[PDB]
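Q: This structure is in structure tokens; I'll ask about it shortly.
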Number of protein chains: 2
Amino acid sequence: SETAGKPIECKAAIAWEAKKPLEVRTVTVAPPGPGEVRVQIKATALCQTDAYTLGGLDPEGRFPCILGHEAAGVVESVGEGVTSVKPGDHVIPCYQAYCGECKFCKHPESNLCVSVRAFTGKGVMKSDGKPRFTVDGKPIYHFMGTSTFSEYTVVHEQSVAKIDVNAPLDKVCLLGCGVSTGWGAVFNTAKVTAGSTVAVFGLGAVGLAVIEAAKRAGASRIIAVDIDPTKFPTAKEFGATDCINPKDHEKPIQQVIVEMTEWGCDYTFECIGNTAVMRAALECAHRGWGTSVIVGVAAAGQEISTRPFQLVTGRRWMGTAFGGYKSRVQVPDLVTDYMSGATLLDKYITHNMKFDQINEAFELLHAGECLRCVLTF
Amino acid sequence: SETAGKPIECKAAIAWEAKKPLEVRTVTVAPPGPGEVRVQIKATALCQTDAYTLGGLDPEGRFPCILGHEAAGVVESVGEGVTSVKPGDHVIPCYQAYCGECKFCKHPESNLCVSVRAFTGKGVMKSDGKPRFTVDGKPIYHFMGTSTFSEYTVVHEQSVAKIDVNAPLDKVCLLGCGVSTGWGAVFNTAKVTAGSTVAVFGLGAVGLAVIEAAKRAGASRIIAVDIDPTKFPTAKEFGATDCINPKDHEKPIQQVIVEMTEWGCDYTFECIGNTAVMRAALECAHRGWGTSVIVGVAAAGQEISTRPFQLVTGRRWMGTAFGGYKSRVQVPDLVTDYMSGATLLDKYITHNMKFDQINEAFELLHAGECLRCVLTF
Ligand SMILES: NC(=O)c1ccc[n+]([C@@H]2O[C@H](COP(=O)([O-])OP(=O)(O)OC[C@H]3O[C@@H](n4cnc5c(N)ncnc54)[C@H](O)[C@@H]3O)[C@@H](O)[C@H]2O)c1
Ligand SMILES: NC(=O)c1ccc[n+]([C@@H]2O[C@H](COP(=O)([O-])OP(=O)(O)OC[C@H]3O[C@@H](n4cnc5c(N)ncnc54)[C@H](O)[C@@H]3O)[C@@H](O)[C@H]2O)c1
Ligand SMILES: [Cl-]
Ligand SMILES: [Cl-]
Ligand SMILES: [Mg+2]
Ligand SMILES: [Zn+2]
Ligand SMILES: [Zn+2]
Ligand SMILES: [Zn+2]
Ligand SMILES: [Zn+2]
């Protein structure tokens, strides 16, 4: 290789501080240490989670840092000990790691690996406790263990899903977070049964993925809820049978849903990050057995509340992280399902832009005018 | 019966108004109307739910009424169209009805029948909207559809479980309330798996039932929690492996439980009715997959709260009503199970008193060190 074992200077987008636009400039990327993989990002999308940390809403937010966590790329080089990937492998770096040996990797119902979170949560690497990015010798920190807003990033081996080398990297970049989360919320967390009724709160890429998955699960009714009705036509494309704007009703939205379904929907999904809506989604879960799945990420500190009578009379409050998918094991399975022609993944990409316009993409998502914006270098 | 078709003069305990003692006196019990059943009560227990309504705290409280909801007895006569029981059958009347045709009776994960609940909640019968008790020709209202503090009571057919004629009625009287509820919270709601860890908050009859069922399910560790340490010895006999008094510790009790189990317990149960402790039970459920079952009934105007991060990181919040048991279907199975010698049901009866002493029995309940006290006439 031409770059293996040596630093790489490449284009990236740095967040020097919160609530400021990113600076697209050159950074230096160190070679991978033991158990690490240096990846050449080929495509990367913006998620609402990136704007969440950029807006100062992350308690563990550490600046300066390279954001980004929805990407697909090619292995440029690996550090010593790395056996699972090799240069040339097509990969998807995942915020959720997989070690196969911790208690959560071994449990059938969890994907919350603890192999590297103590370091990825701090924006550093496990091998030496430091980051791999510098600018004029000063350290720039990692984000969600991925930091995909850079031509080359360095990640832990446990965070690297090896995927079908023939899958288009600018489409499956979405499988690193949002769309996978919405799908697994249906298939893994809720396990929607055929015939069921569903309510989805928030119609971004995540909520639309809940709708697509619930459709595929055989749901007989899917109520799409959003305060922005310009997202309704796409929601009906994915399979929504009803679209509801909360601002068209003086009743609370959970009362509206209950009246449409007498007792509530068998499953409800919150895909916003609004604690008042999370409460609403649980209270319009069906009496006796309804399930509500929190998908959105609320601002740190905020609390959800309900009357305990809601759970005593049969409703179930749960949440999901990355759809319950064990990353390195199951992300390749999602790529395989994409390559089989069975998904609507291509429909989630509303804009393809160059990496230099990353800030316009952030304005697109703050304005609700995009689903997923895929950046290429 | 030579009482069939006729009113019956029998002894009962009348609650004329709130916060005053019951009067033990004769009452007139009308014959059973269409779809109604008249039961000779052979044994009836007390619990805190009776004392809650008697104390004037119940917003649905209706006086004068006849309290009592834990009982077993024999059918004296049946009203028009009743075929599920006949005179002489041994029965348990249940607050939780089963009609076998509404949405909830037909769902495998619910037992919240709506056949008669709107009428029992108002202390009247469904056939005509009127009660069946009179003193001096003026009406006495029912309680929880059972009104078991009476030698004879009239109940809806949907509330009448038909049980093994061989079962002792002064023991199976408990199967209509807290013991079944705690058992079912484990077997039906949580579905506690073999080898799992369990935490129980509150060590009355309900929590002790949770402990007994969890041990029977194969739980490898059972942590009993109560601010009254005098409940610990009995918690250990039912199968507790640890006992924790929250007041002995200077950290939040959920942090105590998590430190004892590194990540939390696989299952936790709130058996008190305390929203603060409900949140504590949720937050010491195991990371990634822990389940917390609210069993206790909180006071009015109280809400449960947590940070949604707790659910996004894999914890599940649910509740139970009557342990999820479909009453007329499954209460007979609980009796059969008790007759098999598999349960500690007899160990929940700490006191046996005569019905004339009902007021003294209530004072024992208010003092404590009484799990269940059974009254016979
Ligand atoms: N649990 C996880 O692992 C995970 C993974 C990825 C994303 N998320 C979170 O899920 C959420 C959705 O992600 P996204 O990319 O689709 O964001 P998005 O901004 O593209 O979509 C959110 C939608 O919610 C709508 N909305 C806002 N407030 C509303 C309200 N009161 N009522 C109804 N609709 C409302 C908005 O109009 C918007 O269309 C985000 O909070 C994200 O952080 C969680
Ligand atoms: N879901 C149902 O269908 C159903 C059925 C029956 C009873 N319940 C409810 O279950 C609950 C328990 O029933 P019970 O008969 O055992 O009542 P109980 O009063 O006999 O037992 C309550 C126990 O909780 C302990 N306790 C009180 N506050 C505590 C605290 N902060 N921390 C730890 N322990 C505390 C008390 O010391 C006591 O031992 C009640 O709320 C009851 O209404 C529900
Ligand atoms: Cl938080
Ligand atoms: Cl799919
Ligand atoms: Mg993720
Ligand atoms: Zn792991
Ligand atoms: Zn994301
Ligand atoms: Zn009771
Ligand atoms: Zn019913």
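In the structure tokens, each chain is lettered A, B, ... as it comes, each chain's residues begin at 1, and ligands are numbered from 1 in order of appearance.
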Using only C-alpha atoms, which residues sit within 10 Å of residue 233 (chain B) once same-chain residues fewer than 5 positions away are excluded, as a ChimeraX atom specification?

A: /B:238,240,243

Q: After a least-squares superposition of chain A onto chain B, with every Cα atom paired in order, give the RMSD to one decimal place.

A: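 That comparison of chain B with chain A gives 0.8 Å.
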
Q: Please, which residues of chain A lie no more than 8 Å from chain B when the count uses only C-alpha atoms, and can they be set out as a PDB file with N, CA, C and O atoms, in the first residue's frame?

A:
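Listing of iface-v8.pdb after writing:
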ATOM      1  N   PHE A 104     -23.860  -8.739  26.816  1.00  0.00           N
ATOM      2  CA  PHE A 104     -24.933  -8.223  25.979  1.00  0.00           C
ATOM      3  C   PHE A 104     -24.862  -8.769  24.558  1.00  0.00           C
ATOM      4  O   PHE A 104     -25.904  -8.957  23.918  1.00  0.00           O
ATOM      5  N   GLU A 109     -31.519 -10.764  23.165  1.00  0.00           N
ATOM      6  CA  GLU A 109     -32.376  -9.589  23.070  1.00  0.00           C
ATOM      7  C   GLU A 109     -31.646  -8.281  23.331  1.00  0.00           C
ATOM      8  O   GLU A 109     -32.297  -7.276  23.639  1.00  0.00           O
ATOM      9  N   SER A 110     -30.322  -8.256  23.235  1.00  0.00           N
ATOM     10  CA  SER A 110     -29.600  -7.007  23.398  1.00  0.00           C
ATOM     11  C   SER A 110     -28.483  -6.924  22.375  1.00  0.00           C
ATOM     12  O   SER A 110     -27.912  -7.937  21.964  1.00  0.00           O
ATOM     13  N   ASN A 111     -28.179  -5.693  21.971  1.00  0.00           N
ATOM     14  CA  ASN A 111     -27.052  -5.414  21.091  1.00  0.00           C
ATOM     15  C   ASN A 111     -26.142  -4.344  21.683  1.00  0.00           C
ATOM     16  O   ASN A 111     -25.377  -3.721  20.948  1.00  0.00           O
ATOM     17  N   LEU A 112     -26.199  -4.136  22.999  1.00  0.00           N
ATOM     18  CA  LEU A 112     -25.505  -3.020  23.652  1.00  0.00           C
ATOM     19  C   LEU A 112     -24.116  -3.454  24.118  1.00  0.00           C
ATOM     20  O   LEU A 112     -23.810  -3.508  25.310  1.00  0.00           O
ATOM     21  N   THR A 275     -40.460  14.100  24.559  1.00  0.00           N
ATOM     22  CA  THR A 275     -40.966  13.343  25.703  1.00  0.00           C
ATOM     23  C   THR A 275     -42.483  13.426  25.817  1.00  0.00           C
ATOM     24  O   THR A 275     -43.120  12.466  26.265  1.00  0.00           O
ATOM     25  N   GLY A 288     -54.722  -3.265  27.375  1.00  0.00           N
ATOM     26  CA  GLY A 288     -54.573  -4.673  27.648  1.00  0.00           C
ATOM     27  C   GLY A 288     -53.295  -5.306  27.135  1.00  0.00           C
ATOM     28  O   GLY A 288     -52.818  -6.271  27.738  1.00  0.00           O
ATOM     29  N   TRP A 289     -52.716  -4.788  26.048  1.00  0.00           N
ATOM     30  CA  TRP A 289     -51.579  -5.466  25.433  1.00  0.00           C
ATOM     31  C   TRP A 289     -50.763  -4.581  24.496  1.00  0.00           C
ATOM     32  O   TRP A 289     -49.802  -5.056  23.881  1.00  0.00           O
ATOM     33  N   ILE A 294     -40.029   3.535  22.200  1.00  0.00           N
ATOM     34  CA  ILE A 294     -39.322   4.805  22.056  1.00  0.00           C
ATOM     35  C   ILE A 294     -38.117   4.599  21.146  1.00  0.00           C
ATOM     36  O   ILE A 294     -37.221   3.807  21.455  1.00  0.00           O
ATOM     37  N   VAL A 295     -38.087   5.315  20.026  1.00  0.00           N
ATOM     38  CA  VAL A 295     -36.945   5.298  19.124  1.00  0.00           C
ATOM     39  C   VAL A 295     -36.158   6.601  19.195  1.00  0.00           C
ATOM     40  O   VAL A 295     -34.925   6.584  19.232  1.00  0.00           O
ATOM     41  N   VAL A 297     -34.411  10.143  20.417  1.00  0.00           N
ATOM     42  CA  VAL A 297     -33.482  10.450  21.496  1.00  0.00           C
ATOM     43  C   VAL A 297     -33.834  11.836  22.021  1.00  0.00           C
ATOM     44  O   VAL A 297     -33.693  12.839  21.308  1.00  0.00           O
ATOM     45  N   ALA A 298     -34.306  11.892  23.260  1.00  0.00           N
ATOM     46  CA  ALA A 298     -34.689  13.165  23.841  1.00  0.00           C
ATOM     47  C   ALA A 298     -33.467  13.875  24.409  1.00  0.00           C
ATOM     48  O   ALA A 298     -32.418  13.271  24.645  1.00  0.00           O
ATOM     49  N   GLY A 301     -31.565  14.719  30.283  1.00  0.00           N
ATOM     50  CA  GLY A 301     -32.212  15.195  31.490  1.00  0.00           C
ATOM     51  C   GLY A 301     -33.724  15.084  31.471  1.00  0.00           C
ATOM     52  O   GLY A 301     -34.339  14.804  32.507  1.00  0.00           O
ATOM     53  N   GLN A 302     -34.334  15.301  30.306  1.00  0.00           N
ATOM     54  CA  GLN A 302     -35.787  15.268  30.191  1.00  0.00           C
ATOM     55  C   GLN A 302     -36.333  13.891  30.551  1.00  0.00           C
ATOM     56  O   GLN A 302     -35.709  12.857  30.289  1.00  0.00           O
ATOM     57  N   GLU A 303     -37.519  13.882  31.148  1.00  0.00           N
ATOM     58  CA  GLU A 303     -38.117  12.664  31.669  1.00  0.00           C
ATOM     59  C   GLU A 303     -39.440  12.377  30.972  1.00  0.00           C
ATOM     60  O   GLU A 303     -40.151  13.291  30.551  1.00  0.00           O
ATOM     61  N   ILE A 304     -39.751  11.093  30.836  1.00  0.00           N
ATOM     62  CA  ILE A 304     -41.055  10.650  30.358  1.00  0.00           C
ATOM     63  C   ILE A 304     -41.918  10.338  31.566  1.00  0.00           C
ATOM     64  O   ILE A 304     -41.420   9.916  32.616  1.00  0.00           O
ATOM     65  N   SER A 305     -43.224  10.549  31.423  1.00  0.00           N
ATOM     66  CA  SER A 305     -44.161  10.342  32.518  1.00  0.00           C
ATOM     67  C   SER A 305     -45.467   9.778  31.979  1.00  0.00           C
ATOM     68  O   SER A 305     -45.848  10.036  30.832  1.00  0.00           O
ATOM     69  N   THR A 306     -46.146   9.005  32.821  1.00  0.00           N
ATOM     70  CA  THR A 306     -47.496   8.538  32.536  1.00  0.00           C
ATOM     71  C   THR A 306     -48.137   8.122  33.858  1.00  0.00           C
ATOM     72  O   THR A 306     -47.488   8.131  34.906  1.00  0.00           O
ATOM     73  N   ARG A 307     -49.439   7.791  33.811  1.00  0.00           N
ATOM     74  CA  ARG A 307     -49.984   7.198  35.029  1.00  0.00           C
ATOM     75  C   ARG A 307     -49.684   5.698  35.045  1.00  0.00           C
ATOM     76  O   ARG A 307     -49.740   5.043  34.000  1.00  0.00           O
ATOM     77  N   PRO A 308     -49.323   5.131  36.198  1.00  0.00           N
ATOM     78  CA  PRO A 308     -49.007   3.691  36.230  1.00  0.00           C
ATOM     79  C   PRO A 308     -50.191   2.824  35.845  1.00  0.00           C
ATOM     80  O   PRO A 308     -50.003   1.698  35.363  1.00  0.00           O
ATOM     81  N   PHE A 309     -51.411   3.334  36.036  1.00  0.00           N
ATOM     82  CA  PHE A 309     -52.614   2.676  35.537  1.00  0.00           C
ATOM     83  C   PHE A 309     -52.497   2.297  34.063  1.00  0.00           C
ATOM     84  O   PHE A 309     -53.095   1.305  33.630  1.00  0.00           O
ATOM     85  N   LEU A 311     -49.865   1.116  32.500  1.00  0.00           N
ATOM     86  CA  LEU A 311     -49.138  -0.147  32.401  1.00  0.00           C
ATOM     87  C   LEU A 311     -49.866  -1.274  33.127  1.00  0.00           C
ATOM     88  O   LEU A 311     -49.852  -2.420  32.662  1.00  0.00           O
ATOM     89  N   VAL A 312     -50.493  -0.972  34.272  1.00  0.00           N
ATOM     90  CA  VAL A 312     -51.269  -1.987  34.983  1.00  0.00           C
ATOM     91  C   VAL A 312     -52.380  -2.524  34.089  1.00  0.00           C
ATOM     92  O   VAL A 312     -52.680  -3.723  34.098  1.00  0.00           O
ATOM     93  N   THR A 313     -52.992  -1.658  33.285  1.00  0.00           N
ATOM     94  CA  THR A 313     -54.037  -2.099  32.375  1.00  0.00           C
ATOM     95  C   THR A 313     -53.497  -2.539  31.017  1.00  0.00           C
ATOM     96  O   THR A 313     -54.230  -2.482  30.024  1.00  0.00           O
ATOM     97  N   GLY A 314     -52.231  -2.960  30.946  1.00  0.00           N
ATOM     98  CA  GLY A 314     -51.769  -3.822  29.872  1.00  0.00           C
ATOM     99  C   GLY A 314     -50.770  -3.238  28.897  1.00  0.00           C
ATOM    100  O   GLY A 314     -50.236  -3.997  28.077  1.00  0.00           O
ATOM    101  N   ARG A 315     -50.496  -1.937  28.936  1.00  0.00           N
ATOM    102  CA  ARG A 315     -49.587  -1.360  27.952  1.00  0.00           C
ATOM    103  C   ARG A 315     -48.130  -1.557  28.373  1.00  0.00           C
ATOM    104  O   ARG A 315     -47.810  -1.695  29.558  1.00  0.00           O
ATOM    105  N   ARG A 316     -47.242  -1.565  27.376  1.00  0.00           N
ATOM    106  CA  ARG A 316     -45.835  -1.903  27.566  1.00  0.00           C
ATOM    107  C   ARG A 316     -44.964  -0.802  26.981  1.00  0.00           C
ATOM    108  O   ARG A 316     -45.063  -0.498  25.786  1.00  0.00           O
ATOM    109  N   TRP A 317     -44.099  -0.230  27.816  1.00  0.00           N
ATOM    110  CA  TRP A 317     -43.187   0.833  27.420  1.00  0.00           C
ATOM    111  C   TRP A 317     -41.787   0.262  27.250  1.00  0.00           C
ATOM    112  O   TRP A 317     -41.185  -0.212  28.221  1.00  0.00           O
ATOM    113  N   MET A 318     -41.262   0.323  26.031  1.00  0.00           N
ATOM    114  CA  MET A 318     -39.891  -0.092  25.792  1.00  0.00           C
ATOM    115  C   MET A 318     -39.233   0.878  24.820  1.00  0.00           C
ATOM    116  O   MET A 318     -39.850   1.831  24.331  1.00  0.00           O
ATOM    117  N   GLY A 319     -37.949   0.642  24.572  1.00  0.00           N
ATOM    118  CA  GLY A 319     -37.198   1.441  23.632  1.00  0.00           C
ATOM    119  C   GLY A 319     -36.273   0.545  22.838  1.00  0.00           C
ATOM    120  O   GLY A 319     -36.169  -0.655  23.095  1.00  0.00           O
ATOM    121  N   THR A 320     -35.606   1.146  21.863  1.00  0.00           N
ATOM    122  CA  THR A 320     -34.676   0.399  21.038  1.00  0.00           C
ATOM    123  C   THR A 320     -33.407   1.214  20.847  1.00  0.00           C
ATOM    124  O   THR A 320     -33.401   2.438  20.985  1.00  0.00           O
ATOM    125  N   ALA A 321     -32.323   0.505  20.554  1.00  0.00           N
ATOM    126  CA  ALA A 321     -31.052   1.107  20.171  1.00  0.00           C
ATOM    127  C   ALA A 321     -30.600   0.406  18.900  1.00  0.00           C
ATOM    128  O   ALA A 321     -30.315  -0.798  18.922  1.00  0.00           O
TER     129      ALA A 321
END

Q: My list of candidates is A:200, A:331, A:211, A:217. Which is closest to residue 285 (chain A) when distances are computed with only C-alpha atoms?

A: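 Using only C-alpha atoms, the shortest distance to residue 285 (chain A) belongs to A:200.
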
Q: Name the residues in contact with residue 292 (chain A) at a cut-off of 6 Å, using only C-alpha atoms, excluding same-chain residues fewer than 6 positions from it; report them as a list in words.

A: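 Answer for this query is residues 267, 268, 269, 282 and 317 of chain A.
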
Q: Within 10 Å of residue 154 (chain B), counting only C-alpha atoms, which residues show up once you throw out same-chain ones fewer than 3 positions away? Write them as number ranges by chain, please.

A: B: 29-33, 36-40, 75-79, 93, 125, 131-133, 142, 145-148, 150, 157

Q: Show me, as a tab-separated table, the residues of chain A having an atom within 8 Å of ligand 4, each with the closest atom pair and its distance in Å, using only C-alpha atoms and all ligand atoms.

A:
residue	atom	partner	partner_atom_place_in_ligand_line	distance
A:183	CA	ligand 4	1 (Cl)	6.1
A:212	CA	ligand 4	1 (Cl)	7.0
A:213	CA	ligand 4	1 (Cl)	5.4
A:216	CA	ligand 4	1 (Cl)	6.8
A:334	CA	ligand 4	1 (Cl)	7.6
A:337	CA	ligand 4	1 (Cl)	7.1
A:338	CA	ligand 4	1 (Cl)	7.9
A:342	CA	ligand 4	1 (Cl)	6.7
A:343	CA	ligand 4	1 (Cl)	5.3
A:344	CA	ligand 4	1 (Cl)	7.9

Q: For the residues selected in the previous step, produce a file with N, CA, C and O atoms as a JSON list (two decimals), in the first residue's frame.

A:
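Final output, selection11.json:
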[["chain", "number", "residue", "atom", "x", "y", "z"],
["A", 183, "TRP", "N", -36.32, -0.30, 11.07],
["A", 183, "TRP", "CA", -36.67, -1.67, 10.70],
["A", 183, "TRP", "C", -36.66, -2.59, 11.92],
["A", 183, "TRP", "O", -37.63, -3.31, 12.17],
["A", 212, "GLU", "N", -42.23, 1.05, 6.66],
["A", 212, "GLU", "CA", -41.85, 0.03, 5.68],
["A", 212, "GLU", "C", -41.75, -1.34, 6.34],
["A", 212, "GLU", "O", -42.20, -2.34, 5.77],
["A", 213, "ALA", "N", -41.15, -1.40, 7.53],
["A", 213, "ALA", "CA", -41.01, -2.68, 8.21],
["A", 213, "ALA", "C", -42.36, -3.21, 8.68],
["A", 213, "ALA", "O", -42.64, -4.41, 8.56],
["A", 216, "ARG", "N", -44.15, -4.73, 5.83],
["A", 216, "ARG", "CA", -43.58, -6.03, 5.53],
["A", 216, "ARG", "C", -44.00, -7.06, 6.56],
["A", 216, "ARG", "O", -44.21, -8.23, 6.23],
["A", 334, "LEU", "N", -28.67, -7.22, 6.50],
["A", 334, "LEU", "CA", -29.47, -6.14, 5.93],
["A", 334, "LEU", "C", -28.97, -5.76, 4.54],
["A", 334, "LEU", "O", -29.78, -5.48, 3.64],
["A", 337, "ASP", "N", -30.33, -8.39, 2.32],
["A", 337, "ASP", "CA", -31.74, -8.17, 2.02],
["A", 337, "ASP", "C", -31.92, -7.05, 1.01],
["A", 337, "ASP", "O", -32.77, -7.14, 0.12],
["A", 338, "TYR", "N", -31.11, -5.99, 1.12],
["A", 338, "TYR", "CA", -31.12, -4.94, 0.12],
["A", 338, "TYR", "C", -30.78, -5.50, -1.27],
["A", 338, "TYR", "O", -31.48, -5.22, -2.25],
["A", 342, "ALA", "N", -35.62, -6.53, -1.85],
["A", 342, "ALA", "CA", -36.76, -6.63, -0.95],
["A", 342, "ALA", "C", -37.03, -5.35, -0.16],
["A", 342, "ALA", "O", -38.02, -5.30, 0.59],
["A", 343, "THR", "N", -36.20, -4.33, -0.28],
["A", 343, "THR", "CA", -36.37, -3.13, 0.52],
["A", 343, "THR", "C", -36.65, -1.92, -0.36],
["A", 343, "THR", "O", -36.51, -1.96, -1.58],
["A", 344, "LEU", "N", -37.03, -0.83, 0.30],
["A", 344, "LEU", "CA", -37.20, 0.46, -0.34],
["A", 344, "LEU", "C", -36.07, 1.41, 0.04],
["A", 344, "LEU", "O", -36.28, 2.63, 0.13]]

Q: Could you list, as a list in words, all the residues within 6 Å of ligand 7, counting only C-alpha atoms and all ligand atoms?

A: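 The residues within 6 Å of ligand 7, counting only C-alpha atoms and all ligand atoms, are residues 47, 49, 177 and 178 of chain A.
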
Q: Write the residues you've just listed into a file as an mmCIF file, in the first residue's frame, and include C-alpha atoms for each of them.

A:
data_model
loop_
_atom_site.group_PDB
_atom_site.id
_atom_site.type_symbol
_atom_site.label_atom_id
_atom_site.label_comp_id
_atom_site.auth_asym_id
_atom_site.auth_seq_id
_atom_site.Cartn_x
_atom_site.Cartn_y
_atom_site.Cartn_z
ATOM 1 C CA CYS A 47 -28.624 11.942 10.849
ATOM 2 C CA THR A 49 -28.296 12.585 16.032
ATOM 3 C CA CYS A 177 -28.016 3.820 11.715
ATOM 4 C CA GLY A 178 -31.413 5.376 10.926
#

Q: Which polymer residues have any atom within 7 Å of an atom of region 365-376 of chain B, counting only C-alpha atoms, with same-chain residues fewer than 3 positions away left out, as an mmCIF file with N, CA, C and O atoms, in the first residue's frame?

A:
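Dumped to around_32.cif:
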data_model
loop_
_atom_site.group_PDB
_atom_site.id
_atom_site.type_symbol
_atom_site.label_atom_id
_atom_site.label_comp_id
_atom_site.auth_asym_id
_atom_site.auth_seq_id
_atom_site.Cartn_x
_atom_site.Cartn_y
_atom_site.Cartn_z
ATOM 1 N N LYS B 42 -68.749 -19.199 52.044
ATOM 2 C CA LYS B 42 -68.277 -20.058 53.125
ATOM 3 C C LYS B 42 -67.003 -19.549 53.786
ATOM 4 O O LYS B 42 -66.721 -19.917 54.931
ATOM 5 N N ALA B 43 -66.233 -18.718 53.094
ATOM 6 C CA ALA B 43 -65.019 -18.146 53.651
ATOM 7 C C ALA B 43 -64.700 -16.892 52.861
ATOM 8 O O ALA B 43 -64.810 -16.890 51.634
ATOM 9 N N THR B 44 -64.324 -15.831 53.570
ATOM 10 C CA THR B 44 -63.966 -14.574 52.938
ATOM 11 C C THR B 44 -62.801 -13.948 53.688
ATOM 12 O O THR B 44 -62.765 -13.958 54.922
ATOM 13 N N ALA B 45 -61.849 -13.410 52.934
ATOM 14 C CA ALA B 45 -60.672 -12.758 53.483
ATOM 15 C C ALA B 45 -60.801 -11.244 53.363
ATOM 16 O O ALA B 45 -61.717 -10.720 52.723
ATOM 17 N N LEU B 46 -59.875 -10.543 54.013
ATOM 18 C CA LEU B 46 -59.741 -9.095 53.949
ATOM 19 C C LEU B 46 -58.448 -8.758 53.225
ATOM 20 O O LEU B 46 -57.490 -9.531 53.275
ATOM 21 N N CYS B 47 -58.394 -7.597 52.577
ATOM 22 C CA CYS B 47 -57.089 -7.043 52.237
ATOM 23 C C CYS B 47 -57.203 -5.529 52.202
ATOM 24 O O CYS B 47 -58.277 -4.958 52.405
ATOM 25 N N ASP B 170 -61.746 -22.322 52.664
ATOM 26 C CA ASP B 170 -61.099 -21.332 53.515
ATOM 27 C C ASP B 170 -59.642 -21.095 53.140
ATOM 28 O O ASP B 170 -58.978 -20.283 53.791
ATOM 29 N N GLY B 204 -45.630 -7.860 51.228
ATOM 30 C CA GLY B 204 -46.922 -8.359 51.653
ATOM 31 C C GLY B 204 -47.266 -9.637 50.910
ATOM 32 O O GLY B 204 -46.405 -10.300 50.325
ATOM 33 N N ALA B 205 -48.555 -9.987 50.928
ATOM 34 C CA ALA B 205 -48.987 -11.210 50.252
ATOM 35 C C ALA B 205 -48.622 -11.189 48.771
ATOM 36 O O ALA B 205 -48.222 -12.216 48.208
ATOM 37 N N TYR B 348 -50.055 -18.320 53.405
ATOM 38 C CA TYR B 348 -50.480 -16.926 53.368
ATOM 39 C C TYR B 348 -51.572 -16.608 54.384
ATOM 40 O O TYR B 348 -51.841 -15.427 54.628
ATOM 41 N N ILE B 349 -52.210 -17.617 54.970
ATOM 42 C CA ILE B 349 -53.259 -17.404 55.961
ATOM 43 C C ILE B 349 -52.603 -17.403 57.336
ATOM 44 O O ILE B 349 -52.225 -18.454 57.860
ATOM 45 N N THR B 350 -52.464 -16.220 57.922
ATOM 46 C CA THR B 350 -51.884 -16.085 59.246
ATOM 47 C C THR B 350 -52.935 -15.975 60.340
ATOM 48 O O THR B 350 -52.586 -16.072 61.522
ATOM 49 N N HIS B 351 -54.206 -15.801 59.980
ATOM 50 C CA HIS B 351 -55.254 -15.559 60.959
ATOM 51 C C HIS B 351 -56.574 -16.132 60.471
ATOM 52 O O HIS B 351 -56.906 -16.036 59.287
ATOM 53 N N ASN B 352 -57.328 -16.713 61.399
ATOM 54 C CA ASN B 352 -58.673 -17.208 61.132
ATOM 55 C C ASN B 352 -59.595 -16.684 62.222
ATOM 56 O O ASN B 352 -59.415 -17.015 63.398
ATOM 57 N N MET B 353 -60.572 -15.867 61.836
ATOM 58 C CA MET B 353 -61.485 -15.249 62.782
ATOM 59 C C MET B 353 -62.928 -15.489 62.351
ATOM 60 O O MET B 353 -63.210 -15.853 61.206
ATOM 61 N N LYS B 354 -63.843 -15.285 63.291
ATOM 62 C CA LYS B 354 -65.260 -15.351 62.981
ATOM 63 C C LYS B 354 -65.727 -14.037 62.364
ATOM 64 O O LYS B 354 -65.195 -12.960 62.661
ATOM 65 N N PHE B 355 -66.739 -14.145 61.491
ATOM 66 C CA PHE B 355 -67.248 -12.989 60.759
ATOM 67 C C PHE B 355 -67.748 -11.892 61.690
ATOM 68 O O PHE B 355 -67.674 -10.708 61.345
ATOM 69 N N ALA B 361 -60.691 -7.763 62.816
ATOM 70 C CA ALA B 361 -59.828 -8.240 61.741
ATOM 71 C C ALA B 361 -59.255 -7.080 60.934
ATOM 72 O O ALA B 361 -58.086 -7.112 60.535
ATOM 73 N N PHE B 362 -60.060 -6.043 60.688
ATOM 74 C CA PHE B 362 -59.553 -4.875 59.973
ATOM 75 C C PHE B 362 -58.450 -4.178 60.759
ATOM 76 O O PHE B 362 -57.499 -3.648 60.172
#

Q: Any chance you could list, as an MDAnalysis selection string, the residues in region 125-371 of chain B that come up alpha helix (DSSP H) when DSSP is run on the backbone?

A: chainID B and resid 169:172 178:184 205:217 232:238 253:261 275:283 309:312 327:339 358:367

Q: Looking at A:242, A:70, A:151, A:60, which one is nearest to ligand 3, with distances taken over only C-alpha atoms and all ligand atoms?

A: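 Of A:242, A:70, A:151, A:60, the one nearest ligand 3 is A:60, counting only C-alpha atoms and all ligand atoms.
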
Q: Among region 121-321 of chain A, which ones does DSSP place in strand (DSSP E), written as a PyMOL selection string?

A: chain A and resi 133-135+138-140+152-156+160-162+197-201+221-225+242-244+267-270+291-294+304-306+316-319

Q: What's around region 325-327 of chain A at 8 Å? Count only C-alpha atoms, leave out sequence neighbours fewer than 5 positions away in its own chain, and write the answer as a PyMOL selection string.

A: chain A and resi 94+96-98+105+110-111+159+161+180-181+184+188
